[PDB]
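Q: So here's my_file.cif (mmCIF, C-alpha atoms).
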```cif
data_query
loop_
_atom_site.label_atom_id
_atom_site.label_comp_id
_atom_site.auth_asym_id
_atom_site.auth_seq_id
_atom_site.Cartn_x
_atom_site.Cartn_y
_atom_site.Cartn_z
CA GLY M 4 163.86 -44.24 31.65
CA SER M 5 163.16 -46.49 30.11
CA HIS M 6 159.46 -45.60 30.00
CA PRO M 7 156.50 -45.64 32.47
CA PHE M 8 154.97 -48.82 31.02
CA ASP M 9 158.12 -50.93 30.97
CA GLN M 10 156.74 -53.32 33.61
CA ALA M 11 153.29 -53.71 31.99
CA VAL M 12 152.16 -57.25 31.26
CA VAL M 13 149.72 -58.93 28.92
CA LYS M 14 146.85 -59.87 31.20
CA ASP M 15 144.68 -61.60 28.60
CA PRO M 16 145.88 -62.75 25.15
CA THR M 17 142.25 -63.21 24.07
CA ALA M 18 141.07 -59.66 24.90
CA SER M 19 141.67 -58.32 21.37
CA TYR M 20 141.13 -54.66 20.51
CA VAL M 21 137.37 -54.58 21.06
CA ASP M 22 135.07 -56.49 23.34
CA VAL M 23 134.14 -59.13 20.74
CA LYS M 24 131.28 -60.83 22.60
CA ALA M 25 129.67 -57.55 23.77
CA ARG M 26 129.86 -56.02 20.34
CA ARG M 27 128.45 -59.12 18.66
CA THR M 28 125.55 -59.13 21.09
CA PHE M 29 124.91 -55.45 20.51
CA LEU M 30 124.86 -55.95 16.73
CA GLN M 31 122.26 -58.71 17.08
CA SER M 32 120.03 -57.00 19.72
CA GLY M 33 120.35 -53.22 19.40
CA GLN M 34 118.49 -50.57 17.49
CA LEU M 35 120.69 -50.28 14.38
CA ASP M 36 120.67 -47.14 12.27
CA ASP M 37 121.21 -47.00 8.53
CA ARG M 38 124.91 -46.35 8.79
CA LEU M 39 125.53 -49.33 11.04
CA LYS M 40 123.30 -51.55 8.87
CA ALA M 41 125.36 -50.49 5.86
CA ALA M 42 128.47 -51.72 7.71
CA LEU M 43 127.34 -55.33 8.33
CA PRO M 44 129.68 -57.50 6.26
CA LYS M 45 128.14 -59.98 3.81
CA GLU M 46 128.55 -63.64 4.46
CA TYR M 47 130.10 -65.86 1.82
CA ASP M 48 131.70 -69.26 1.45
CA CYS M 49 135.24 -68.48 2.43
CA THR M 50 136.18 -72.17 2.27
CA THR M 51 136.33 -72.05 -1.57
CA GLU M 52 137.91 -68.59 -1.90
CA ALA M 53 141.32 -68.47 -3.57
CA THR M 54 143.68 -66.66 -1.26
CA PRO M 55 147.07 -65.21 -2.16
CA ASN M 56 150.14 -67.38 -1.92
CA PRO M 57 153.17 -65.84 -0.19
CA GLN M 58 156.35 -64.76 -1.99
CA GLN M 59 158.99 -67.45 -1.64
CA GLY M 60 162.56 -66.56 -0.81
CA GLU M 61 163.42 -62.91 -0.37
CA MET M 62 160.51 -60.54 0.01
CA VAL M 63 160.96 -57.94 -2.69
CA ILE M 64 158.68 -55.09 -3.65
CA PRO M 65 159.37 -53.97 -7.27
CA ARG M 66 160.00 -50.31 -8.09
CA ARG M 67 156.75 -48.65 -9.18
CA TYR M 68 157.87 -46.93 -12.38
CA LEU M 69 159.99 -48.19 -15.23
CA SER M 70 162.00 -44.97 -15.00
CA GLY M 71 161.83 -42.05 -12.56
CA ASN M 72 158.65 -41.02 -10.77
CA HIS M 73 156.49 -40.43 -13.87
CA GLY M 74 156.96 -42.80 -16.82
CA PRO M 75 154.82 -45.92 -17.25
CA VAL M 76 154.17 -48.30 -14.31
CA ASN M 77 156.49 -51.22 -13.90
CA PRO M 78 154.47 -54.28 -15.02
CA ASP M 79 156.18 -56.36 -12.29
CA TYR M 80 154.81 -54.02 -9.56
CA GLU M 81 151.02 -54.46 -9.41
CA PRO M 82 151.02 -58.28 -9.18
CA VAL M 83 153.27 -58.01 -6.13
CA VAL M 84 151.43 -55.29 -4.23
CA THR M 85 148.19 -57.03 -5.15
CA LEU M 86 149.38 -60.03 -3.15
CA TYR M 87 149.64 -57.92 -0.02
CA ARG M 88 146.60 -55.88 -0.70
CA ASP M 89 144.43 -59.00 -1.07
CA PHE M 90 146.10 -60.60 1.95
CA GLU M 91 145.12 -57.55 4.03
CA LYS M 92 141.61 -57.25 2.68
CA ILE M 93 140.71 -60.88 3.13
CA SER M 94 142.27 -60.96 6.62
CA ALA M 95 140.28 -57.90 7.81
CA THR M 96 137.10 -59.13 6.18
CA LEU M 97 137.28 -62.55 7.82
CA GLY M 98 138.07 -60.95 11.19
CA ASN M 99 135.08 -58.62 10.88
CA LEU M 100 132.80 -61.50 9.79
CA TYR M 101 133.89 -63.54 12.81
CA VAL M 102 133.05 -60.70 15.13
CA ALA M 103 129.65 -60.05 13.47
CA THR M 104 128.46 -63.68 13.17
CA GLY M 105 130.45 -65.72 15.65
CA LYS M 106 130.73 -68.51 13.04
CA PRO M 107 133.91 -70.57 13.46
CA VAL M 108 134.09 -71.19 9.73
CA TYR M 109 135.45 -67.64 9.24
CA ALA M 110 138.12 -68.31 11.86
CA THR M 111 139.14 -71.47 10.01
CA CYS M 112 139.33 -69.70 6.69
CA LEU M 113 141.66 -67.09 8.23
CA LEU M 114 143.83 -69.69 9.90
CA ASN M 115 144.18 -71.65 6.62
CA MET M 116 145.43 -68.60 4.79
CA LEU M 117 147.80 -67.47 7.59
CA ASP M 118 149.13 -71.01 8.05
CA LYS M 119 150.10 -71.03 4.35
CA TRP M 120 152.08 -67.80 4.91
CA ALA M 121 153.61 -69.03 8.18
CA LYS M 122 154.78 -72.28 6.57
CA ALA M 123 156.61 -70.28 3.90
CA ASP M 124 158.34 -68.10 6.50
CA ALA M 125 156.67 -65.07 4.84
CA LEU M 126 157.41 -61.49 6.03
CA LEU M 127 160.81 -62.47 7.44
CA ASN M 128 163.47 -62.33 4.74
CA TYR M 129 163.93 -58.88 3.31
CA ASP M 130 166.21 -55.86 3.11
CA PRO M 131 165.25 -53.55 6.04
CA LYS M 132 166.15 -50.42 4.04
CA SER M 133 163.63 -51.37 1.37
CA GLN M 134 159.90 -50.79 0.99
CA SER M 135 159.51 -54.36 2.28
CA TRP M 136 160.14 -53.20 5.83
CA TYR M 137 157.00 -51.01 5.80
CA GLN M 138 154.92 -53.61 4.00
CA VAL M 139 155.66 -56.12 6.78
CA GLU M 140 154.46 -53.78 9.54
CA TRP M 141 151.14 -53.20 7.70
CA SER M 142 150.46 -56.79 6.78
CA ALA M 143 151.54 -58.37 10.04
CA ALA M 144 149.37 -55.95 12.01
CA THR M 145 146.37 -56.48 9.73
CA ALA M 146 146.46 -60.27 10.16
CA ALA M 147 147.11 -59.94 13.92
CA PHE M 148 144.12 -57.68 14.48
CA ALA M 149 141.89 -60.14 12.67
CA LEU M 150 143.33 -63.20 14.48
CA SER M 151 143.13 -61.47 17.87
CA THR M 152 139.30 -61.55 17.71
CA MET M 153 139.44 -65.37 17.48
CA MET M 154 141.94 -66.25 20.16
CA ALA M 155 139.15 -67.58 22.43
CA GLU M 156 137.35 -69.64 19.71
CA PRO M 157 137.47 -73.32 20.83
CA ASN M 158 136.32 -74.75 17.54
CA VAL M 159 139.43 -74.45 15.39
CA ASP M 160 142.56 -76.43 14.84
CA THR M 161 144.39 -75.28 17.94
CA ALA M 162 147.79 -76.51 16.78
CA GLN M 163 147.42 -74.45 13.61
CA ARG M 164 146.47 -71.33 15.62
CA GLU M 165 149.59 -71.76 17.80
CA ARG M 166 151.81 -72.18 14.80
CA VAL M 167 150.34 -68.99 13.22
CA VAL M 168 150.69 -67.05 16.48
CA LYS M 169 154.33 -68.01 16.88
CA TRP M 170 155.06 -67.03 13.28
CA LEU M 171 153.52 -63.56 13.84
CA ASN M 172 155.58 -63.22 17.00
CA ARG M 173 158.77 -63.98 15.01
CA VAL M 174 157.74 -61.51 12.28
CA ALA M 175 157.21 -58.66 14.77
CA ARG M 176 160.34 -59.34 16.83
CA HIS M 177 162.40 -59.28 13.67
CA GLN M 178 160.61 -56.24 12.02
CA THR M 179 160.85 -54.12 15.18
CA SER M 180 164.50 -55.00 15.80
CA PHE M 181 165.62 -52.50 13.13
CA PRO M 182 165.85 -49.11 14.86
CA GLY M 183 165.00 -46.97 11.79
CA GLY M 184 166.55 -43.75 10.45
CA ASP M 185 166.61 -40.19 11.76
CA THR M 186 162.96 -39.79 10.81
CA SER M 187 161.60 -43.36 10.72
CA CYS M 188 162.94 -44.02 14.21
CA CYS M 189 160.50 -41.53 15.65
CA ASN M 190 157.76 -40.40 13.28
CA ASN M 191 154.52 -42.09 12.20
CA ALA M 192 156.41 -45.17 10.92
CA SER M 193 157.56 -45.73 14.53
CA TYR M 194 153.92 -45.64 15.63
CA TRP M 195 152.93 -48.16 12.97
CA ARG M 196 155.65 -50.48 14.29
CA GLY M 197 154.23 -49.76 17.75
CA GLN M 198 150.71 -50.95 16.82
CA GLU M 199 152.22 -54.09 15.25
CA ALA M 200 154.23 -54.87 18.39
CA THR M 201 151.34 -54.08 20.69
CA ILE M 202 148.68 -56.32 19.11
CA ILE M 203 151.12 -59.18 18.35
CA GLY M 204 152.55 -58.83 21.86
CA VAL M 205 149.04 -59.37 23.23
CA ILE M 206 148.06 -62.45 21.18
CA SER M 207 151.38 -64.22 21.71
CA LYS M 208 151.59 -63.18 25.36
CA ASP M 209 154.98 -61.59 24.82
CA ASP M 210 155.39 -58.90 27.48
CA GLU M 211 158.64 -57.58 25.97
CA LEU M 212 156.96 -56.90 22.64
CA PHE M 213 153.87 -55.46 24.33
CA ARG M 214 156.04 -53.02 26.37
CA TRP M 215 157.97 -52.03 23.31
CA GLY M 216 154.75 -51.11 21.49
CA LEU M 217 153.48 -49.04 24.42
CA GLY M 218 156.80 -47.25 24.41
CA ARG M 219 156.13 -45.98 20.88
CA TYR M 220 152.97 -44.28 22.08
CA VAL M 221 154.91 -42.62 24.95
CA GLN M 222 157.57 -41.56 22.45
CA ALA M 223 154.81 -40.02 20.30
CA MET M 224 153.39 -37.93 23.17
CA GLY M 225 156.81 -36.36 23.68
CA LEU M 226 156.80 -35.17 20.07
CA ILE M 227 153.62 -33.15 20.09
CA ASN M 228 153.79 -29.36 19.75
CA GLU M 229 151.82 -26.98 21.93
CA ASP M 230 149.13 -26.69 19.22
CA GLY M 231 148.71 -30.47 18.93
CA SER M 232 150.81 -30.91 15.76
CA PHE M 233 153.34 -33.78 15.61
CA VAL M 234 156.88 -32.48 15.24
CA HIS M 235 157.97 -34.92 12.54
CA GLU M 236 154.79 -34.77 10.48
CA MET M 237 154.96 -30.97 10.17
CA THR M 238 158.13 -31.41 8.04
CA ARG M 239 156.26 -33.09 5.14
CA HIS M 240 155.49 -29.94 3.17
CA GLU M 241 152.27 -30.40 1.22
CA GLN M 242 151.63 -33.74 2.98
CA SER M 243 152.03 -32.38 6.49
CA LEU M 244 148.35 -32.38 7.34
CA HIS M 245 147.91 -35.76 5.68
CA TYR M 246 150.64 -37.27 7.86
CA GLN M 247 149.32 -35.61 11.02
CA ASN M 248 146.17 -37.59 10.38
CA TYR M 249 148.08 -40.72 9.31
CA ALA M 250 149.89 -40.87 12.64
CA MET M 251 146.50 -40.90 14.48
CA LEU M 252 145.70 -44.34 13.03
CA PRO M 253 148.25 -46.55 14.78
CA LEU M 254 148.36 -44.39 17.96
CA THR M 255 144.64 -44.99 18.29
CA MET M 256 145.00 -48.75 17.83
CA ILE M 257 147.79 -48.89 20.38
CA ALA M 258 145.51 -47.07 22.85
CA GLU M 259 142.46 -49.27 22.06
CA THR M 260 144.51 -52.47 22.40
CA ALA M 261 146.20 -51.39 25.64
CA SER M 262 142.89 -50.39 27.21
CA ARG M 263 141.73 -54.02 27.17
CA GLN M 264 144.86 -54.92 29.11
CA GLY M 265 143.78 -52.38 31.74
CA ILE M 266 146.08 -49.55 30.66
CA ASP M 267 144.68 -46.15 29.81
CA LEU M 268 147.05 -44.65 27.30
CA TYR M 269 144.56 -41.94 26.43
CA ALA M 270 145.23 -40.47 29.90
CA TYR M 271 148.96 -40.46 29.28
CA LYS M 272 150.49 -37.00 28.77
CA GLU M 273 153.88 -35.26 28.62
CA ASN M 274 154.13 -31.51 29.29
CA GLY M 275 150.33 -31.44 29.47
CA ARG M 276 150.08 -32.59 25.85
CA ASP M 277 148.18 -35.74 24.85
CA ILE M 278 146.47 -37.42 21.95
CA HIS M 279 143.41 -35.27 22.41
CA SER M 280 145.51 -32.20 21.49
CA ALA M 281 146.53 -33.98 18.31
CA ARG M 282 142.92 -34.83 17.44
CA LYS M 283 141.85 -31.18 17.94
CA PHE M 284 144.67 -29.97 15.73
CA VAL M 285 143.54 -32.23 12.89
CA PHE M 286 139.91 -31.06 13.06
CA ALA M 287 140.94 -27.44 13.43
CA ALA M 288 143.48 -27.54 10.63
CA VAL M 289 141.09 -29.26 8.24
CA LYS M 290 138.58 -26.41 8.61
CA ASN M 291 141.31 -23.78 8.61
CA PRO M 292 144.47 -24.82 6.81
CA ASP M 293 146.03 -21.48 7.68
CA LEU M 294 146.97 -23.26 10.91
CA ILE M 295 149.43 -25.31 8.89
CA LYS M 296 151.14 -22.29 7.38
CA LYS M 297 153.07 -21.90 10.59
CA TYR M 298 154.95 -25.05 9.51
CA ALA M 299 154.54 -25.41 5.74
CA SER M 300 153.85 -22.92 2.95
CA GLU M 301 152.53 -25.42 0.40
CA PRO M 302 148.78 -25.80 -0.03
CA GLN M 303 147.86 -29.02 1.73
CA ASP M 304 146.89 -32.24 -0.04
CA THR M 305 143.51 -33.16 1.55
CA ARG M 306 142.58 -36.33 -0.36
CA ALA M 307 142.44 -38.18 2.97
CA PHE M 308 139.62 -36.05 4.26
CA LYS M 309 136.55 -37.40 2.50
CA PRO M 310 133.71 -39.64 3.66
CA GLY M 311 134.52 -43.36 3.32
CA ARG M 312 138.31 -42.88 3.37
CA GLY M 313 140.03 -45.55 5.48
CA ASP M 314 142.38 -42.85 6.79
CA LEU M 315 139.45 -41.78 9.01
CA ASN M 316 138.99 -45.14 10.75
CA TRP M 317 140.60 -43.87 13.98
CA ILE M 318 137.76 -41.37 14.49
CA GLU M 319 135.25 -44.20 14.84
CA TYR M 320 137.21 -45.67 17.76
CA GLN M 321 137.88 -42.37 19.50
CA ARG M 322 134.40 -41.06 19.02
CA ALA M 323 132.86 -44.23 20.41
CA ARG M 324 135.05 -43.77 23.48
CA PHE M 325 134.85 -40.02 24.11
CA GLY M 326 131.65 -38.95 22.39
CA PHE M 327 133.00 -35.76 20.82
CA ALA M 328 131.19 -34.25 17.86
CA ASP M 329 131.78 -35.11 14.17
CA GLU M 330 132.80 -31.48 13.55
CA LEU M 331 133.91 -32.16 10.00
CA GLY M 332 130.77 -34.06 8.96
CA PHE M 333 132.91 -36.94 7.67
CA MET M 334 131.21 -39.80 9.45
CA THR M 335 128.44 -40.47 6.99
CA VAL M 336 129.23 -43.68 5.11
CA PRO M 337 130.91 -46.63 6.90
CA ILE M 338 134.74 -46.66 7.08
CA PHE M 339 136.81 -49.79 6.37
CA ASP M 340 140.56 -49.97 6.85
CA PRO M 341 142.18 -53.40 7.09
CA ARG M 342 145.36 -51.97 8.69
CA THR M 343 143.42 -50.63 11.65
CA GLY M 344 141.22 -53.63 12.31
CA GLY M 345 138.78 -53.48 9.41
CA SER M 346 135.55 -51.53 9.80
CA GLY M 347 135.68 -49.11 12.73
CA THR M 348 131.99 -48.46 11.99
CA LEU M 349 131.06 -52.14 12.44
CA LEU M 350 133.25 -52.55 15.50
CA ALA M 351 132.85 -49.35 17.53
CA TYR M 352 130.19 -46.98 16.17
CA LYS M 353 127.14 -46.46 18.41
CA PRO M 354 124.07 -44.76 16.95
CA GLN M 355 123.15 -41.61 18.88
CA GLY M 356 119.68 -41.05 20.36
#
```
Show the structure stored in the file as structure tokens.
A:
Amino acid sequence: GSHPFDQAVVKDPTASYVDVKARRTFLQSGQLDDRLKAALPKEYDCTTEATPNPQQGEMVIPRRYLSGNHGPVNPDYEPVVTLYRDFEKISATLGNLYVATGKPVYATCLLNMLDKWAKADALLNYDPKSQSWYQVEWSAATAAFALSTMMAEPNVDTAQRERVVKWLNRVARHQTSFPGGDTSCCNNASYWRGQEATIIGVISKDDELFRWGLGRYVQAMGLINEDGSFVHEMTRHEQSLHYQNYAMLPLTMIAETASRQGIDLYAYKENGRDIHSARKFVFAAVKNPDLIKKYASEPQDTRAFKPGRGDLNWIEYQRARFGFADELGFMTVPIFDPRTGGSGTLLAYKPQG
């Protein structure tokens, strides 16, 4: 071991997960099509927006149902998940607006919200065997993606940015220190922790964290079947196909992030298998779910595979890079997913001639 990228270093903490300047210029100068126009975010006065306050003390996510897995929803639940949901949506939106407009005001709005969370030591005190552990990986990554686009902005409170960066670094070091179970060590959850470590590693210039994130991608490549299916996701019965796709989201972000540090994770393979195999399996299995039957007998839940679903955000990044065809015809309306950097359409999509 330990893995091939365990000497990699963060070359540029400001490089983010897209070329921010080049994309901004393109958006202002290029021939936009209707789809891309539909993705431009709307400006607003973020300075007066009420943003969620963090949970004080122990981070606890309430059980969803009063009793069992049917019953009526726990009234304590929604207000709590709404905190995190709004946190993620506002973060991604402000990040996307900063990329699209270049206006420092959006950076300052984001920093004010994140500083409020950092001051409370949010996303740090929780039971690792609880739902909180997953929530942290999603929220920390969402904020880090958005902040990463603004690391080079001179016109902000630089002390505040530092303080927020260091807090995110502590959050990720702590969150990733728990090795996980027999599944969550190694399945899609591992990859989500990998995207968190990778992007936070970059913005805080923490090579250890960065390397750890890259290692999750390498781990993933070793768990791909000959047909492109991920070993652990094919054990999810009626959700197997759904989780095959779900795993593509953070693996893609790891690869996009690493590429701006000069590392080409897309080219990384084990036993001649790579992420491209996984992509082909998803497309193939969607248009022929008999492929899945080799692994699971249940009819597959396909709610993820509809136009506009955030679950499809990874396709925008990969397609922009490799130019393969939209074989499923999914890429009609824009896609927005805060947990994978906001709108892949806004950030990566290039209209075809």
Q: How many Å separate CA of residue 329 (chain M) from CA of residue 307 (chain M)?
A: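 According to the coordinates, CA of residue 329 (chain M) and CA of residue 307 (chain M) are separated by 15.8 Å.
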Q: Name the residues that the PyMOL selection byres ((chain M and resi 166) around 12) pulls out of this structure, and write them as an NGL selection string.
A: :M and (114-115 or 117-122 or 124 or 160-165 or 167-173 or 207)
Q: With C-alpha atoms retained, could you export that selection as a PDB file, in the frame of the given file?
A:
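Generated output (selection-v3.pdb):
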```pdb
ATOM      1  CA  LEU M 114     143.830 -69.690   9.900  1.00  0.00           C
ATOM      2  CA  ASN M 115     144.180 -71.650   6.620  1.00  0.00           C
ATOM      3  CA  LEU M 117     147.800 -67.470   7.590  1.00  0.00           C
ATOM      4  CA  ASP M 118     149.130 -71.010   8.050  1.00  0.00           C
ATOM      5  CA  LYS M 119     150.100 -71.030   4.350  1.00  0.00           C
ATOM      6  CA  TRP M 120     152.080 -67.800   4.910  1.00  0.00           C
ATOM      7  CA  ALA M 121     153.610 -69.030   8.180  1.00  0.00           C
ATOM      8  CA  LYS M 122     154.780 -72.280   6.570  1.00  0.00           C
ATOM      9  CA  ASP M 124     158.340 -68.100   6.500  1.00  0.00           C
ATOM     10  CA  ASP M 160     142.560 -76.430  14.840  1.00  0.00           C
ATOM     11  CA  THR M 161     144.390 -75.280  17.940  1.00  0.00           C
ATOM     12  CA  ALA M 162     147.790 -76.510  16.780  1.00  0.00           C
ATOM     13  CA  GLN M 163     147.420 -74.450  13.610  1.00  0.00           C
ATOM     14  CA  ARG M 164     146.470 -71.330  15.620  1.00  0.00           C
ATOM     15  CA  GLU M 165     149.590 -71.760  17.800  1.00  0.00           C
ATOM     16  CA  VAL M 167     150.340 -68.990  13.220  1.00  0.00           C
ATOM     17  CA  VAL M 168     150.690 -67.050  16.480  1.00  0.00           C
ATOM     18  CA  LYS M 169     154.330 -68.010  16.880  1.00  0.00           C
ATOM     19  CA  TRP M 170     155.060 -67.030  13.280  1.00  0.00           C
ATOM     20  CA  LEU M 171     153.520 -63.560  13.840  1.00  0.00           C
ATOM     21  CA  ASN M 172     155.580 -63.220  17.000  1.00  0.00           C
ATOM     22  CA  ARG M 173     158.770 -63.980  15.010  1.00  0.00           C
ATOM     23  CA  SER M 207     151.380 -64.220  21.710  1.00  0.00           C
TER      24      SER M 207
END
```
Q: Closest to residue 273 (chain M) among M:311, M:44, M:231, M:253, using only C-alpha atoms?
A: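 Of M:311, M:44, M:231, M:253, the one nearest residue 273 (chain M), counting only C-alpha atoms, is M:231.
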Q: For the PyMOL selection byres ((chain M and resi 243) around 12), applied here, can you spell out every residue it catches as a ChimeraX atom specification?
A: /M:190-191,232-242,244-250,285,288-289,292,294-305,307
Q: Which residues come within 10 Å of residue 93 (chain M), counting all atoms listed in the file, excluding same-chain residues fewer than 4 positions away, as a PDB file with C-alpha atoms, in the coordinates of the input?
A:
```pdb
ATOM      1  CA  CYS M  49     135.240 -68.480   2.430  1.00  0.00           C
ATOM      2  CA  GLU M  52     137.910 -68.590  -1.900  1.00  0.00           C
ATOM      3  CA  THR M  54     143.680 -66.660  -1.260  1.00  0.00           C
ATOM      4  CA  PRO M  55     147.070 -65.210  -2.160  1.00  0.00           C
ATOM      5  CA  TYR M  87     149.640 -57.920  -0.020  1.00  0.00           C
ATOM      6  CA  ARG M  88     146.600 -55.880  -0.700  1.00  0.00           C
ATOM      7  CA  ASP M  89     144.430 -59.000  -1.070  1.00  0.00           C
ATOM      8  CA  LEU M  97     137.280 -62.550   7.820  1.00  0.00           C
ATOM      9  CA  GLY M  98     138.070 -60.950  11.190  1.00  0.00           C
ATOM     10  CA  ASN M  99     135.080 -58.620  10.880  1.00  0.00           C
ATOM     11  CA  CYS M 112     139.330 -69.700   6.690  1.00  0.00           C
ATOM     12  CA  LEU M 113     141.660 -67.090   8.230  1.00  0.00           C
ATOM     13  CA  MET M 116     145.430 -68.600   4.790  1.00  0.00           C
ATOM     14  CA  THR M 145     146.370 -56.480   9.730  1.00  0.00           C
ATOM     15  CA  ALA M 146     146.460 -60.270  10.160  1.00  0.00           C
ATOM     16  CA  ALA M 149     141.890 -60.140  12.670  1.00  0.00           C
ATOM     17  CA  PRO M 341     142.180 -53.400   7.090  1.00  0.00           C
ATOM     18  CA  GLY M 345     138.780 -53.480   9.410  1.00  0.00           C
TER      19      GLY M 345
END
```
Q: Could you work out how far CA of residue 267 (chain M) lies from CA of residue 100 (chain M), giving the answer in Å with one decimal?
A: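 That distance, rounded to one decimal, is 27.9 Å.
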Q: So what do you get for CA of residue 260 (chain M) versus CA of residue 12 (chain M), distance-wise?
A: 12.6 Å
Q: Just say which residues the PyMOL selection byres ((chain M and resi 333-337) around 8) picks in this file, as a VMD selection string.
A: chain M and resid 38 to 39 41 to 42 308 to 311 329 331 to 332 338 to 339 346 to 349
Q: Keeping C-alpha atoms for every residue in the selection just given, could you write it to a file as a PDB file, in the coordinates of the input?
A:
```
ATOM      1  CA  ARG M  38     124.910 -46.350   8.790  1.00  0.00           C
ATOM      2  CA  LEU M  39     125.530 -49.330  11.040  1.00  0.00           C
ATOM      3  CA  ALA M  41     125.360 -50.490   5.860  1.00  0.00           C
ATOM      4  CA  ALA M  42     128.470 -51.720   7.710  1.00  0.00           C
ATOM      5  CA  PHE M 308     139.620 -36.050   4.260  1.00  0.00           C
ATOM      6  CA  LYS M 309     136.550 -37.400   2.500  1.00  0.00           C
ATOM      7  CA  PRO M 310     133.710 -39.640   3.660  1.00  0.00           C
ATOM      8  CA  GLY M 311     134.520 -43.360   3.320  1.00  0.00           C
ATOM      9  CA  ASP M 329     131.780 -35.110  14.170  1.00  0.00           C
ATOM     10  CA  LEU M 331     133.910 -32.160  10.000  1.00  0.00           C
ATOM     11  CA  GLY M 332     130.770 -34.060   8.960  1.00  0.00           C
ATOM     12  CA  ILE M 338     134.740 -46.660   7.080  1.00  0.00           C
ATOM     13  CA  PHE M 339     136.810 -49.790   6.370  1.00  0.00           C
ATOM     14  CA  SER M 346     135.550 -51.530   9.800  1.00  0.00           C
ATOM     15  CA  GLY M 347     135.680 -49.110  12.730  1.00  0.00           C
ATOM     16  CA  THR M 348     131.990 -48.460  11.990  1.00  0.00           C
ATOM     17  CA  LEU M 349     131.060 -52.140  12.440  1.00  0.00           C
TER      18      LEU M 349
END
```
Q: Neighbouring residues of residue 9 (chain M) were defined as those with any atom within 9 Å, considering all atoms listed in the file; residues of the same chain fewer than 2 positions away were excluded. Please report them as a VMD selection string.
A: chain M and resid 4 to 7 11 to 12 211 214 to 215 217 to 218
Q: Output the selection as a PDB file, in the frame of the given file - C-alpha atoms for each residue.
A:
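Contents of again.pdb, freshly written:
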```pdb
ATOM      1  CA  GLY M   4     163.860 -44.240  31.650  1.00  0.00           C
ATOM      2  CA  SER M   5     163.160 -46.490  30.110  1.00  0.00           C
ATOM      3  CA  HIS M   6     159.460 -45.600  30.000  1.00  0.00           C
ATOM      4  CA  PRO M   7     156.500 -45.640  32.470  1.00  0.00           C
ATOM      5  CA  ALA M  11     153.290 -53.710  31.990  1.00  0.00           C
ATOM      6  CA  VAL M  12     152.160 -57.250  31.260  1.00  0.00           C
ATOM      7  CA  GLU M 211     158.640 -57.580  25.970  1.00  0.00           C
ATOM      8  CA  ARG M 214     156.040 -53.020  26.370  1.00  0.00           C
ATOM      9  CA  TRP M 215     157.970 -52.030  23.310  1.00  0.00           C
ATOM     10  CA  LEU M 217     153.480 -49.040  24.420  1.00  0.00           C
ATOM     11  CA  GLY M 218     156.800 -47.250  24.410  1.00  0.00           C
TER      12      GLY M 218
END
```
Q: Ranking M:43, M:202, M:147, M:350 by minimum distance to residue 25 (chain M) and counting all atoms listed in the file, which one comes first?
A: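 Between M:43, M:202, M:147, M:350, the residue approaching residue 25 (chain M) most closely is M:350.
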